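Chemist: This is start-v5.cif (mmCIF, N, CA and C atoms).
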data_protein
loop_
_atom_site.label_atom_id
_atom_site.label_comp_id
_atom_site.auth_asym_id
_atom_site.auth_seq_id
_atom_site.Cartn_x
_atom_site.Cartn_y
_atom_site.Cartn_z
N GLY H 1 0.82 -1.20 0.00
CA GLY H 1 0.00 0.00 0.00
C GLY H 1 0.86 1.26 0.00
N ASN H 2 1.22 1.72 -1.19
CA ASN H 2 2.04 2.92 -1.33
C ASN H 2 1.37 3.95 -2.22
N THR H 3 0.06 4.12 -2.04
CA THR H 3 -0.68 5.15 -2.75
C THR H 3 -0.43 6.53 -2.16
N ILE H 4 -0.34 7.53 -3.03
CA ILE H 4 -0.25 8.92 -2.59
C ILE H 4 -1.23 9.21 -1.46
N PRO H 5 -0.74 9.88 -0.42
CA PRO H 5 -1.53 10.08 0.79
C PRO H 5 -2.42 11.31 0.67
N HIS H 6 -2.41 11.92 -0.51
CA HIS H 6 -3.01 13.24 -0.69
C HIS H 6 -3.68 13.36 -2.05
N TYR H 7 -4.49 14.39 -2.22
CA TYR H 7 -5.17 14.64 -3.49
C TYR H 7 -4.67 15.93 -4.14
N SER H 8 -3.58 15.82 -4.88
CA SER H 8 -3.02 16.97 -5.60
C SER H 8 -3.98 17.46 -6.68
N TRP H 9 -3.98 18.77 -6.91
CA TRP H 9 -4.81 19.36 -7.95
C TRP H 9 -4.60 18.66 -9.29
N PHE H 10 -3.38 18.20 -9.52
CA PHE H 10 -3.04 17.55 -10.78
C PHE H 10 -1.85 16.60 -10.60
N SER H 11 -1.52 15.88 -11.67
CA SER H 11 -0.54 14.80 -11.58
C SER H 11 0.88 15.34 -11.53
N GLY H 12 1.85 14.44 -11.51
CA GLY H 12 3.26 14.83 -11.47
C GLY H 12 4.00 14.33 -12.70
N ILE H 13 5.27 14.71 -12.81
CA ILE H 13 6.14 14.19 -13.86
C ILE H 13 6.59 12.77 -13.56
N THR H 14 6.71 11.95 -14.60
CA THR H 14 7.11 10.56 -14.44
C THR H 14 8.59 10.37 -14.75
N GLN H 15 9.33 9.82 -13.79
CA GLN H 15 10.73 9.50 -14.00
C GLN H 15 10.89 8.14 -14.68
N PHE H 16 11.87 8.05 -15.58
CA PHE H 16 12.16 6.80 -16.27
C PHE H 16 13.49 6.21 -15.81
N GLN H 17 14.47 7.08 -15.62
CA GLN H 17 15.82 6.64 -15.28
C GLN H 17 16.28 7.25 -13.96
N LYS H 18 16.79 6.41 -13.06
CA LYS H 18 17.14 6.84 -11.72
C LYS H 18 18.49 7.55 -11.70
N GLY H 19 18.64 8.51 -10.80
CA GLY H 19 19.94 9.12 -10.54
C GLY H 19 20.17 10.32 -11.45
N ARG H 20 19.15 11.18 -11.56
CA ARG H 20 19.24 12.36 -12.41
C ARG H 20 18.71 13.59 -11.69
N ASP H 21 19.02 14.77 -12.23
CA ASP H 21 18.84 16.01 -11.50
C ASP H 21 17.55 16.70 -11.89
N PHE H 22 17.24 17.81 -11.22
CA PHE H 22 16.04 18.58 -11.52
C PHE H 22 16.39 20.00 -11.94
N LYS H 23 16.59 20.20 -13.23
CA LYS H 23 17.18 21.44 -13.73
C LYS H 23 16.19 22.21 -14.60
N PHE H 24 16.06 23.50 -14.34
CA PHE H 24 15.30 24.39 -15.21
C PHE H 24 15.61 25.85 -14.92
N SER H 25 15.09 26.74 -15.75
CA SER H 25 15.40 28.16 -15.65
C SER H 25 14.28 28.92 -14.94
N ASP H 26 14.50 30.20 -14.70
CA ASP H 26 13.52 31.04 -14.03
C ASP H 26 12.18 31.02 -14.77
N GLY H 27 11.11 30.77 -14.03
CA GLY H 27 9.77 30.78 -14.60
C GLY H 27 9.54 29.56 -15.49
N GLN H 28 10.46 28.60 -15.41
CA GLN H 28 10.25 27.29 -16.02
C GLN H 28 9.92 26.23 -14.97
N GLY H 29 9.29 25.15 -15.41
CA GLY H 29 8.85 24.10 -14.51
C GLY H 29 7.58 24.50 -13.78
N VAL H 30 6.91 25.53 -14.29
CA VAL H 30 5.61 25.93 -13.77
C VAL H 30 4.48 25.24 -14.53
N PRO H 31 3.68 24.47 -13.81
CA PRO H 31 2.70 23.58 -14.43
C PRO H 31 1.42 24.33 -14.77
N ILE H 32 0.91 24.10 -15.97
CA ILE H 32 -0.28 24.79 -16.45
C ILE H 32 -1.48 24.51 -15.56
N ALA H 33 -2.18 25.56 -15.16
CA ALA H 33 -3.20 25.46 -14.12
C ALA H 33 -4.60 25.49 -14.72
N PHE H 34 -5.53 24.80 -14.07
CA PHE H 34 -6.93 25.24 -14.04
C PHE H 34 -7.16 26.26 -12.94
N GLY H 35 -7.85 27.35 -13.28
CA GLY H 35 -8.40 28.25 -12.28
C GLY H 35 -7.56 29.51 -12.15
N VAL H 36 -6.24 29.34 -12.17
CA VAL H 36 -5.32 30.42 -11.83
C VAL H 36 -4.39 30.73 -13.00
N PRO H 37 -4.26 32.02 -13.32
CA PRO H 37 -3.60 32.44 -14.55
C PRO H 37 -2.08 32.32 -14.42
N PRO H 38 -1.40 32.31 -15.56
CA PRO H 38 0.04 32.50 -15.60
C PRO H 38 0.47 33.60 -14.62
N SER H 39 -0.33 34.65 -14.54
CA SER H 39 -0.03 35.78 -13.67
C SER H 39 0.19 35.32 -12.23
N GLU H 40 -0.54 34.28 -11.83
CA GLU H 40 -0.41 33.72 -10.49
C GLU H 40 0.04 32.27 -10.55
N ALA H 41 0.63 31.88 -11.67
CA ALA H 41 1.29 30.58 -11.78
C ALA H 41 2.60 30.57 -11.00
N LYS H 42 2.58 29.93 -9.84
CA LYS H 42 3.66 30.07 -8.87
C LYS H 42 3.55 29.03 -7.76
N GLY H 43 4.65 28.34 -7.49
CA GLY H 43 4.64 27.20 -6.58
C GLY H 43 6.05 26.87 -6.09
N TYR H 44 6.21 25.67 -5.55
CA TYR H 44 7.51 25.23 -5.05
C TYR H 44 7.68 23.73 -5.21
N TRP H 45 8.77 23.20 -4.67
CA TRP H 45 9.14 21.80 -4.88
C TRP H 45 8.17 20.87 -4.17
N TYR H 46 8.07 19.64 -4.67
CA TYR H 46 7.72 18.50 -3.83
C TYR H 46 8.00 17.19 -4.54
N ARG H 47 8.24 16.14 -3.76
CA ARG H 47 8.58 14.83 -4.32
C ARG H 47 8.06 13.71 -3.43
N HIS H 48 7.60 12.63 -4.06
CA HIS H 48 7.18 11.44 -3.33
C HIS H 48 7.92 10.20 -3.81
N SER H 49 8.23 9.31 -2.87
CA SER H 49 8.65 7.95 -3.22
C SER H 49 7.45 7.00 -3.25
N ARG H 50 7.35 6.22 -4.32
CA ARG H 50 6.17 5.40 -4.55
C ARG H 50 6.53 3.92 -4.59
N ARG H 51 6.91 3.38 -3.44
CA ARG H 51 7.83 2.25 -3.38
C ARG H 51 7.25 1.04 -4.12
N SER H 52 8.14 0.17 -4.59
CA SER H 52 7.72 -1.02 -5.33
C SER H 52 7.34 -2.15 -4.37
N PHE H 53 6.70 -3.18 -4.91
CA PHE H 53 6.40 -4.38 -4.14
C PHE H 53 6.49 -5.63 -5.01
N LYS H 54 6.53 -6.79 -4.37
CA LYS H 54 6.65 -8.06 -5.08
C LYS H 54 5.45 -8.96 -4.82
N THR H 55 5.03 -9.70 -5.84
CA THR H 55 3.73 -10.36 -5.83
C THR H 55 3.89 -11.88 -5.84
N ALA H 56 2.78 -12.58 -6.00
CA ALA H 56 2.75 -14.03 -5.82
C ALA H 56 3.68 -14.72 -6.81
N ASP H 57 3.87 -14.10 -7.97
CA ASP H 57 4.61 -14.72 -9.06
C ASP H 57 6.11 -14.49 -8.91
N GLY H 58 6.50 -13.86 -7.81
CA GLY H 58 7.91 -13.62 -7.52
C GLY H 58 8.43 -12.39 -8.26
N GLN H 59 7.54 -11.75 -9.02
CA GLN H 59 7.92 -10.58 -9.81
C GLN H 59 7.77 -9.30 -9.00
N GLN H 60 8.85 -8.55 -8.89
CA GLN H 60 8.83 -7.26 -8.20
C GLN H 60 8.73 -6.11 -9.19
N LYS H 61 8.03 -5.05 -8.80
CA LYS H 61 7.94 -3.85 -9.61
C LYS H 61 9.26 -3.09 -9.61
N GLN H 62 9.61 -2.52 -10.76
CA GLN H 62 10.71 -1.56 -10.85
C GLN H 62 10.20 -0.18 -11.22
N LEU H 63 10.22 0.73 -10.25
CA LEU H 63 9.56 2.03 -10.40
C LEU H 63 10.44 3.15 -9.88
N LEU H 64 10.05 4.39 -10.17
CA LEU H 64 10.88 5.55 -9.87
C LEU H 64 10.07 6.64 -9.18
N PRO H 65 10.77 7.59 -8.57
CA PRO H 65 10.13 8.72 -7.91
C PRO H 65 9.24 9.49 -8.87
N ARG H 66 8.28 10.23 -8.32
CA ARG H 66 7.53 11.22 -9.09
C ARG H 66 7.70 12.61 -8.51
N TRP H 67 7.55 13.62 -9.35
CA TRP H 67 7.70 15.01 -8.92
C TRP H 67 6.34 15.69 -8.77
N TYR H 68 6.09 16.23 -7.58
CA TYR H 68 4.76 16.71 -7.23
C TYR H 68 4.75 18.21 -7.00
N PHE H 69 3.63 18.85 -7.32
CA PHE H 69 3.61 20.29 -7.57
C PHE H 69 2.51 20.97 -6.78
N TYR H 70 2.89 21.92 -5.93
CA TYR H 70 1.94 22.64 -5.10
C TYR H 70 2.02 24.14 -5.33
N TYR H 71 0.88 24.82 -5.22
CA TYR H 71 0.83 26.27 -5.38
C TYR H 71 1.32 26.98 -4.12
N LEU H 72 1.94 28.14 -4.31
CA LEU H 72 2.28 29.01 -3.19
C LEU H 72 1.04 29.44 -2.42
N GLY H 73 1.07 29.25 -1.11
CA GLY H 73 -0.07 29.59 -0.26
C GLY H 73 -0.81 28.35 0.20
N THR H 74 -0.53 27.22 -0.45
CA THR H 74 -1.23 25.97 -0.17
C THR H 74 -0.36 24.76 -0.49
N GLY H 75 -0.27 23.84 0.46
CA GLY H 75 0.64 22.71 0.35
C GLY H 75 1.26 22.36 1.69
N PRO H 76 2.01 21.26 1.73
CA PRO H 76 2.58 20.77 2.98
C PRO H 76 3.75 21.63 3.42
N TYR H 77 4.19 22.53 2.55
CA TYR H 77 4.93 23.72 2.97
C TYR H 77 4.30 24.99 2.41
N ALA H 78 2.99 25.13 2.62
CA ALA H 78 2.24 26.23 2.02
C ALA H 78 2.89 27.57 2.32
N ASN H 79 3.46 27.69 3.51
CA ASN H 79 3.94 28.98 4.00
C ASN H 79 5.46 29.06 3.96
N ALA H 80 6.06 28.25 3.10
CA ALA H 80 7.50 28.32 2.85
C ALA H 80 7.92 29.74 2.47
N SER H 81 9.05 30.17 3.01
CA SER H 81 9.64 31.45 2.63
C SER H 81 10.14 31.41 1.19
N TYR H 82 9.72 32.40 0.40
CA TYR H 82 10.11 32.48 -1.00
C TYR H 82 11.63 32.51 -1.14
N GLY H 83 12.19 31.43 -1.69
CA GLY H 83 13.64 31.32 -1.84
C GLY H 83 14.15 30.04 -1.19
N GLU H 84 13.27 29.33 -0.50
CA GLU H 84 13.62 28.06 0.12
C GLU H 84 13.99 27.01 -0.92
N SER H 85 15.19 27.13 -1.48
CA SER H 85 15.73 26.11 -2.36
C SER H 85 16.75 25.24 -1.64
N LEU H 86 16.44 23.95 -1.51
CA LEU H 86 17.25 23.04 -0.71
C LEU H 86 18.10 22.15 -1.59
N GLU H 87 18.83 21.23 -0.96
CA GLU H 87 19.52 20.17 -1.69
C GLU H 87 18.54 19.28 -2.43
N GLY H 88 18.74 19.15 -3.74
CA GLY H 88 17.83 18.38 -4.58
C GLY H 88 16.53 19.14 -4.84
N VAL H 89 16.53 20.43 -4.50
CA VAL H 89 15.32 21.23 -4.55
C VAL H 89 15.52 22.48 -5.39
N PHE H 90 14.47 22.89 -6.10
CA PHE H 90 14.51 24.09 -6.91
C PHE H 90 13.18 24.84 -6.87
N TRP H 91 13.19 26.01 -6.24
CA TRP H 91 11.98 26.81 -6.11
C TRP H 91 11.60 27.47 -7.43
N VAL H 92 10.30 27.58 -7.68
CA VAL H 92 9.81 27.95 -9.00
C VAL H 92 8.75 29.03 -8.91
N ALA H 93 8.64 29.84 -9.96
CA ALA H 93 7.36 30.43 -10.35
C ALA H 93 7.51 31.31 -11.58
N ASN H 94 6.38 31.61 -12.22
CA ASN H 94 6.40 32.28 -13.52
C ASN H 94 6.93 33.71 -13.39
N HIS H 95 7.39 34.26 -14.51
CA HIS H 95 7.99 35.59 -14.51
C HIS H 95 6.96 36.67 -14.21
N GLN H 96 5.68 36.32 -14.37
CA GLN H 96 4.59 37.25 -14.09
C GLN H 96 4.18 37.17 -12.62
N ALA H 97 4.67 36.15 -11.93
CA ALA H 97 4.28 35.91 -10.54
C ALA H 97 4.84 36.98 -9.62
N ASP H 98 4.09 37.32 -8.58
CA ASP H 98 4.59 38.18 -7.52
C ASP H 98 5.51 37.42 -6.58
N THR H 99 5.10 36.21 -6.21
CA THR H 99 5.85 35.41 -5.25
C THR H 99 6.34 36.26 -4.09
N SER H 100 5.47 37.14 -3.59
CA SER H 100 5.67 37.76 -2.28
C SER H 100 4.59 37.33 -1.30
N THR H 101 3.81 36.32 -1.69
CA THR H 101 2.47 36.13 -1.14
C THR H 101 1.88 34.80 -1.58
N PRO H 102 1.10 34.18 -0.69
CA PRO H 102 0.22 33.09 -1.07
C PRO H 102 -0.57 33.44 -2.33
N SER H 103 -0.83 32.43 -3.16
CA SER H 103 -1.51 32.63 -4.43
C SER H 103 -3.03 32.51 -4.26
N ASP H 104 -3.74 32.58 -5.38
CA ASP H 104 -5.20 32.62 -5.35
C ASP H 104 -5.80 31.26 -5.69
N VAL H 105 -5.02 30.21 -5.49
CA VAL H 105 -5.35 28.89 -6.02
C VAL H 105 -5.24 27.82 -4.95
N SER H 106 -6.35 27.13 -4.70
CA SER H 106 -6.38 26.05 -3.72
C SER H 106 -7.74 25.38 -3.69
N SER H 107 -7.95 24.51 -2.70
CA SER H 107 -9.28 24.04 -2.35
C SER H 107 -9.96 23.38 -3.55
N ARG H 108 -9.55 22.16 -3.86
CA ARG H 108 -10.20 21.37 -4.90
C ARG H 108 -10.78 20.08 -4.33
N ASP H 109 -12.07 19.85 -4.58
CA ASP H 109 -12.73 18.64 -4.13
C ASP H 109 -12.64 17.53 -5.18
N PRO H 110 -11.94 16.46 -4.84
CA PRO H 110 -11.70 15.37 -5.78
C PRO H 110 -12.95 14.53 -5.98
N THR H 111 -14.00 14.86 -5.24
CA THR H 111 -15.33 14.33 -5.51
C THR H 111 -15.80 14.72 -6.91
N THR H 112 -15.36 15.88 -7.38
CA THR H 112 -15.76 16.38 -8.69
C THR H 112 -14.60 16.34 -9.67
N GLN H 113 -13.39 16.48 -9.16
CA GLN H 113 -12.22 16.69 -10.00
C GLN H 113 -11.14 15.65 -9.72
N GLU H 114 -11.00 14.69 -10.62
CA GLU H 114 -9.91 13.72 -10.54
C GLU H 114 -8.60 14.33 -11.02
N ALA H 115 -7.51 13.58 -10.87
CA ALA H 115 -6.19 14.07 -11.23
C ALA H 115 -6.11 14.39 -12.72
N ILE H 116 -5.30 15.39 -13.06
CA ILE H 116 -5.17 15.84 -14.44
C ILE H 116 -3.73 15.75 -14.92
N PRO H 117 -3.54 15.29 -16.15
CA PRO H 117 -2.22 15.26 -16.76
C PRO H 117 -1.54 16.62 -16.66
N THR H 118 -0.31 16.63 -16.14
CA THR H 118 0.44 17.86 -15.97
C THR H 118 1.07 18.31 -17.28
N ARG H 119 0.89 19.59 -17.61
CA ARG H 119 1.47 20.16 -18.81
C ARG H 119 2.18 21.48 -18.52
N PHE H 120 3.36 21.66 -19.11
CA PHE H 120 4.16 22.85 -18.86
C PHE H 120 4.27 23.70 -20.12
N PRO H 121 4.21 25.02 -19.95
CA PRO H 121 4.21 25.94 -21.08
C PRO H 121 5.48 25.79 -21.92
N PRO H 122 5.37 26.08 -23.21
CA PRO H 122 6.52 26.06 -24.10
C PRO H 122 7.68 26.87 -23.52
N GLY H 123 8.88 26.31 -23.57
CA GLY H 123 10.05 26.96 -23.01
C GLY H 123 10.62 26.15 -21.84
N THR H 124 9.73 25.49 -21.10
CA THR H 124 10.14 24.61 -20.02
C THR H 124 10.81 23.35 -20.56
N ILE H 125 11.82 22.87 -19.84
CA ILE H 125 12.55 21.67 -20.25
C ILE H 125 12.26 20.51 -19.30
N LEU H 126 12.48 19.30 -19.78
CA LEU H 126 12.35 18.11 -18.94
C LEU H 126 13.72 17.57 -18.54
N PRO H 127 14.05 17.72 -17.26
CA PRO H 127 15.34 17.28 -16.75
C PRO H 127 15.63 15.84 -17.15
N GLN H 128 16.87 15.57 -17.52
CA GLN H 128 17.25 14.26 -18.04
C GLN H 128 16.68 13.14 -17.17
N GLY H 129 16.05 12.16 -17.81
CA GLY H 129 15.58 10.97 -17.12
C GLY H 129 14.09 11.06 -16.83
N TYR H 130 13.51 12.23 -17.09
CA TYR H 130 12.08 12.44 -16.86
C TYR H 130 11.36 12.75 -18.16
N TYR H 131 10.08 12.37 -18.22
CA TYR H 131 9.13 13.03 -19.11
C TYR H 131 7.71 12.90 -18.59
N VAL H 132 6.92 13.95 -18.76
CA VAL H 132 5.69 14.12 -17.99
C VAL H 132 4.58 13.24 -18.55
N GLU H 133 3.71 12.76 -17.66
CA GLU H 133 2.61 11.89 -18.06
C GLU H 133 1.31 12.30 -17.38
N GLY H 134 1.03 11.69 -16.23
CA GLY H 134 -0.08 12.13 -15.38
C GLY H 134 -1.41 11.65 -15.94
N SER H 135 -1.43 10.42 -16.44
CA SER H 135 -2.62 9.87 -17.08
C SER H 135 -3.73 9.61 -16.06
N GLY H 136 -4.23 10.68 -15.46
CA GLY H 136 -5.30 10.57 -14.47
C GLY H 136 -4.78 9.99 -13.16
N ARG H 137 -3.46 9.98 -13.00
CA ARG H 137 -2.84 9.46 -11.79
C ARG H 137 -1.73 10.38 -11.31
N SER H 138 -1.74 10.69 -10.01
CA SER H 138 -0.71 11.52 -9.41
C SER H 138 0.35 10.66 -8.73
#
Please, can you express the file's structure as structure tokens?
Modeler:
Amino acid sequence: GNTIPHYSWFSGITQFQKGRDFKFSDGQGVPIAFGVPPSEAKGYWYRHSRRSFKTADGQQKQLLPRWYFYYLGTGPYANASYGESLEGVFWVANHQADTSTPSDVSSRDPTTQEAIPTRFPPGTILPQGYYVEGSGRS
């Protein structure tokens, strides 16, 4: 039982190859939103381990981390200080973003809204070993 413990507004990027970095430029790696404009497209890091398991047939899963995305003002570090870039971490938001303040985006009921494939605006790059999917799964 290694299901995501939370209901993210949308899915994450899917890793294919282990042991790679998370690299992008200013205002890149910002995930296209429902509800909130590029103007308030702004968030920070998050990552989950989705551990593998082995079944009756002796076959074990081989799987990789996923990258998870929360808006500024809401998240398990909702009130992170703007600039909190850690080891293995890269703080993000769009060039139009204020990022002096919690954003205008939160509060989604998964009763109505299931996970959505994550998409990033043209200009954003996919760090080596990753490419985004999010086929209705976070």
Chemist: Taking the file above as input, evaluate the PyMOL selection byres (((chain H and resi 94-97 and name CA) around 10) and name CA) and report the hits as a short mmCIF file (atom, residue, chain, number, x, y, z; two decimals) with N, CA and C atoms, keeping the file's coordinate frame.
Modeler:
data_model
loop_
_atom_site.label_atom_id
_atom_site.label_comp_id
_atom_site.auth_asym_id
_atom_site.auth_seq_id
_atom_site.Cartn_x
_atom_site.Cartn_y
_atom_site.Cartn_z
N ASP H 26 14.50 30.20 -14.70
CA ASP H 26 13.52 31.04 -14.03
C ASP H 26 12.18 31.02 -14.77
N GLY H 27 11.11 30.77 -14.03
CA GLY H 27 9.77 30.78 -14.60
C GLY H 27 9.54 29.56 -15.49
N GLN H 28 10.46 28.60 -15.41
CA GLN H 28 10.25 27.29 -16.02
C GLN H 28 9.92 26.23 -14.97
N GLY H 29 9.29 25.15 -15.41
CA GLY H 29 8.85 24.10 -14.51
C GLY H 29 7.58 24.50 -13.78
N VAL H 30 6.91 25.53 -14.29
CA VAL H 30 5.61 25.93 -13.77
C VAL H 30 4.48 25.24 -14.53
N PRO H 31 3.68 24.47 -13.81
CA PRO H 31 2.70 23.58 -14.43
C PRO H 31 1.42 24.33 -14.77
N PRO H 37 -4.26 32.02 -13.32
CA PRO H 37 -3.60 32.44 -14.55
C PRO H 37 -2.08 32.32 -14.42
N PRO H 38 -1.40 32.31 -15.56
CA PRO H 38 0.04 32.50 -15.60
C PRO H 38 0.47 33.60 -14.62
N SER H 39 -0.33 34.65 -14.54
CA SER H 39 -0.03 35.78 -13.67
C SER H 39 0.19 35.32 -12.23
N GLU H 40 -0.54 34.28 -11.83
CA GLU H 40 -0.41 33.72 -10.49
C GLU H 40 0.04 32.27 -10.55
N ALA H 41 0.63 31.88 -11.67
CA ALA H 41 1.29 30.58 -11.78
C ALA H 41 2.60 30.57 -11.00
N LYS H 42 2.58 29.93 -9.84
CA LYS H 42 3.66 30.07 -8.87
C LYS H 42 3.55 29.03 -7.76
N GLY H 43 4.65 28.34 -7.49
CA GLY H 43 4.64 27.20 -6.58
C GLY H 43 6.05 26.87 -6.09
N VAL H 92 10.30 27.58 -7.68
CA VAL H 92 9.81 27.95 -9.00
C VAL H 92 8.75 29.03 -8.91
N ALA H 93 8.64 29.84 -9.96
CA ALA H 93 7.36 30.43 -10.35
C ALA H 93 7.51 31.31 -11.58
N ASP H 98 4.09 37.32 -8.58
CA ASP H 98 4.59 38.18 -7.52
C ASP H 98 5.51 37.42 -6.58
N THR H 99 5.10 36.21 -6.21
CA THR H 99 5.85 35.41 -5.25
C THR H 99 6.34 36.26 -4.09
N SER H 100 5.47 37.14 -3.59
CA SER H 100 5.67 37.76 -2.28
C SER H 100 4.59 37.33 -1.30
N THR H 101 3.81 36.32 -1.69
CA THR H 101 2.47 36.13 -1.14
C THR H 101 1.88 34.80 -1.58
N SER H 103 -0.83 32.43 -3.16
CA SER H 103 -1.51 32.63 -4.43
C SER H 103 -3.03 32.51 -4.26
#
Chemist: Applying 7 Å and all atoms listed in the file, which residues near residue H:105 remain after dropping the ones on its own chain fewer than 6 positions away? List them as a PDB file with N, CA and C atoms, in the frame of the given file.
Modeler:
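And here's result.pdb as it stands now:
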ATOM      1  N   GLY H  35      -7.850  27.350 -13.280  1.00  0.00           N
ATOM      2  CA  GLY H  35      -8.400  28.250 -12.280  1.00  0.00           C
ATOM      3  C   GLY H  35      -7.560  29.510 -12.150  1.00  0.00           C
ATOM      4  N   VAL H  36      -6.240  29.340 -12.170  1.00  0.00           N
ATOM      5  CA  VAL H  36      -5.320  30.420 -11.830  1.00  0.00           C
ATOM      6  C   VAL H  36      -4.390  30.730 -13.000  1.00  0.00           C
ATOM      7  N   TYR H  71       0.880  24.820  -5.220  1.00  0.00           N
ATOM      8  CA  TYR H  71       0.830  26.270  -5.380  1.00  0.00           C
ATOM      9  C   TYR H  71       1.320  26.980  -4.120  1.00  0.00           C
ATOM     10  N   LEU H  72       1.940  28.140  -4.310  1.00  0.00           N
ATOM     11  CA  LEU H  72       2.280  29.010  -3.190  1.00  0.00           C
ATOM     12  C   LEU H  72       1.040  29.440  -2.420  1.00  0.00           C
ATOM     13  N   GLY H  73       1.070  29.250  -1.110  1.00  0.00           N
ATOM     14  CA  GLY H  73      -0.070  29.590  -0.260  1.00  0.00           C
ATOM     15  C   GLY H  73      -0.810  28.350   0.200  1.00  0.00           C
ATOM     16  N   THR H  74      -0.530  27.220  -0.450  1.00  0.00           N
ATOM     17  CA  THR H  74      -1.230  25.970  -0.170  1.00  0.00           C
ATOM     18  C   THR H  74      -0.360  24.760  -0.490  1.00  0.00           C
TER      19      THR H  74
END
Chemist: List as a PyMOL selection string the protein and nucleic acid residues near residue H:23, meaning an atom at most 7 Å away when only N, CA and C atoms are counted, but skip any in the same chain fewer than 3 places from it.
Modeler: chain H and resi 125-128
Chemist: Please dump the current selection as a compact mmCIF listing (two decimals), keeping the file's coordinate frame; keep N, CA and C atoms.
Modeler:
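So the final result, stored in again_14.txt, reads:
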# COMPACT_ATOMS: atom_id res chain seq x y z
N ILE H 125 11.82 22.87 -19.84
CA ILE H 125 12.55 21.67 -20.25
C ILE H 125 12.26 20.51 -19.30
N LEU H 126 12.48 19.30 -19.78
CA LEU H 126 12.35 18.11 -18.94
C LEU H 126 13.72 17.57 -18.54
N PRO H 127 14.05 17.72 -17.26
CA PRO H 127 15.34 17.28 -16.75
C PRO H 127 15.63 15.84 -17.15
N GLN H 128 16.87 15.57 -17.52
CA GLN H 128 17.25 14.26 -18.04
C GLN H 128 16.68 13.14 -17.17
Chemist: Quick one: of H:53, H:90, H:120, H:77, who's nearest to residue H:32, counting all atoms listed in the file?
Modeler: H:120
Chemist: Distance atom CA of residue H:57-atom CA of residue H:5, one decimal place?
Modeler: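 Between atom CA of residue H:57 and atom CA of residue H:5 the gap works out to 27.4 Å.
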Chemist: Could you pull out all residues of chain H with a DSSP call of strand (DSSP E) and give them as a PyMOL selection string?
Modeler: chain H and resi 13-15+42-44+47-48+66-67+70-71+92-93+130-132
Chemist: Residues proximal to (-10.5, 15.2, -7.1) were defined as those with any atom within 9 Å of that point in the file's coordinates, counting only C-alpha atoms. Which are they, as a list in words?
Modeler: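 Answer for this query, in the requested form: residues 7, 8, 9, 10, 108, 109, 110, 111, 112, 113, 114 and 115 of chain H.
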Chemist: Mind pulling up the distance from atom C of residue H:59 to atom C of residue H:6?
Modeler: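 So the two atoms, atom C of residue H:6 and atom C of residue H:59, lie 26.3 Å apart.
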Chemist: Give me, please, the distance in Å between atom CA of residue H:17 and atom CA of residue H:130, quoted to one decimal.
Modeler: 7.1 Å
Chemist: Between H:86, H:119, H:18, H:45, single out the one closest to residue H:33, counting all atoms listed in the file.
Modeler: H:119
Chemist: From the options H:12, H:75, H:136, H:122, which residue's atoms come nearest to residue H:47, counting only C-alpha atoms?
Modeler: H:12
Chemist: What residues come out when you apply the PyMOL selection byres ((chain H and resi 62) around 8) to this file, written as number ranges by chain?
Modeler: H: 51-53, 59-61, 63-64
Chemist: Given the file above and the PyMOL selection byres (((chain H and resi 82 and name CA) around 8) and name CA), which residues are selected, and can you give them as a ChimeraX atom specification?
Modeler: /H:80-81,83-84,91,99-100
Chemist: Closest to residue H:89 among H:123, H:21, H:117, H:133, using only C-alpha atoms?
Modeler: H:21
Chemist: Which residue out of H:124, H:66, H:107, H:85 has the minimum interatomic distance to residue H:11 when all atoms listed in the file are used?
Modeler: H:66
Chemist: Pick the closest to residue H:104 from H:138, H:4, H:34, H:20: which is it, counting only C-alpha atoms?
Modeler: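 Among H:138, H:4, H:34, H:20, it is H:34 that comes nearest to residue H:104.
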